[PDB]
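So the chains spell out like this:
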Amino acid sequence: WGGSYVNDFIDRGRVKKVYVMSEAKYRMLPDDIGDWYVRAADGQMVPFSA
Amino acid sequence: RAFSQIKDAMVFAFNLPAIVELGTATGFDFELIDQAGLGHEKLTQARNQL
């Protein structure tokens, strides 16, 4: 929901940035937070709404 | 001269210039620059041409 830069890769001879992030159509409405799960120690796919 | 006899080992001898921390023999100092994403292995050719 707010990108994170990870490190730099080289571009066409230039040090440039690498951000992970969501894609537009998965972060637009307060109901998209429903899409995201997160891994548990047990290994489960727990969604935010828990 | 006496050194121009060691096999592979350019051993030149020379005298300090006028003022150490200044310039030098009325030649040029020329820089070849890379102005598109051209690689080392591409610039190196350009240099070898010239």
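Residues numbered from 1 in each chain as written, not as in the entry; some residues may be left out. Chains lettered and ligands numbered in written order. Part of a larger assembly, values for the part shown. Heavy atoms only, no water.

The record lists X-ray crystallography as the method behind this PDB entry and 3.3400 Å as its resolution.

K.L.:
For this particular structure, what's the right way to read the overall build of chain B?
P.N.:
Helix and strand content of chain B: 1 helix and 0 strands. For 50 residues, the compact-globule estimate of 2.2 N^0.38 gives 10 Å, and the C-alpha radius of gyration of chain B, at 17 Å, exceeds that figure by more than 25%. In terms of principal-axis extent, the alpha carbons of chain B reach across some 45 × 35 × 15 Å. Counting only carbon and sulfur atoms, one obtains 59% of the accessible surface of chain B, whose full area is about 5,500 Å². (Helix = DSSP H or I, 4+ residues; strand = E, 2+ residues; numbered from the N terminus. Rg over C-alpha atoms; globule rule 2.2 N^0.38 Å. Areas by Shrake-Rupley, 256 points an atom, 1.4 Å probe, with all protein chains shown as cover.)

K.L.:
When you look at the pattern of salt bridges in this model, what are you seeing that I'm missing?
P.N.:
Side-chain pairing between opposite charges can occur once the charged atoms of the two side chains come close. Residue and element names in this part refer to chain A. In this structure the tally under the stated criterion is 4 salt bridges over all chains. The residue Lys-17 makes a salt bridge to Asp-8 at a minimum N-O spacing of 3.9 Å. A salt bridge links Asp-11 to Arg-12, with the nearest nitrogen and oxygen atoms 2.6 Å apart. Its relative accessible area of 66% is what places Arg-12 among the exposed residues. Counted as one network, the salt bridges with shared partners bring together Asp-11, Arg-12 and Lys-16. (Salt bridge = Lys/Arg side-chain N within 4 Å of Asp/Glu carboxyl O. Buried < 20%, exposed > 50% of the residue type's maximum accessible area, 1.4 Å probe, protein only.)

K.L.:
What's the story with the pairing of strand β2 (residues 15-20) of chain A in this structure? I'm lost.
P.N.:
A regular strand places its side chains so that they alternate between the two faces of the sheet. Residues and elements named next belong to chain A. With 6 bridges joining them, strand β1 (residues 4-10) and β2 adopt antiparallel strand pairing. The partner of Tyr-5 across the bridge, within β2, is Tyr-19. Between β1 and the antiparallel strand that follows it, β2, lie 4 residues; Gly-13 among them carries a positive phi value of about 90 degrees. (Pairing = 2+ DSSP bridges.)

K.L.:
Got a minute to help me understand the environment of B:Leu43 in this structure?
P.N.:
Residue and element names in this part refer to chain B. Counting through the fold element by element, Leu-43 comes out in helix α1 (residues 40-49). The exposure class of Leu-43 is partly exposed, given its relative accessible area of 25%. What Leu-43 contacts, discounting residues up to four positions off in sequence, is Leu-32, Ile-33 and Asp-34. (Contact = heavy atoms within 4.5 Å.)

K.L.:
Could you clarify how one ought to interpret the environment of A:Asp42 in this entry?
P.N.:
Residues and elements named next belong to chain A. Here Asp-42 shows up in the loop between β3 (37-39) and β4 (45-47). A relative accessible area of 63% means that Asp-42 is categorised as exposed. Here the side chain of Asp-42 touches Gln-44 through a polar contact of 2.9 Å, landing on its backbone nitrogen. (Polar contact = N/O pair within 3.5 Å; in protein donor to acceptor, adjacent residues only side chain to side chain.)

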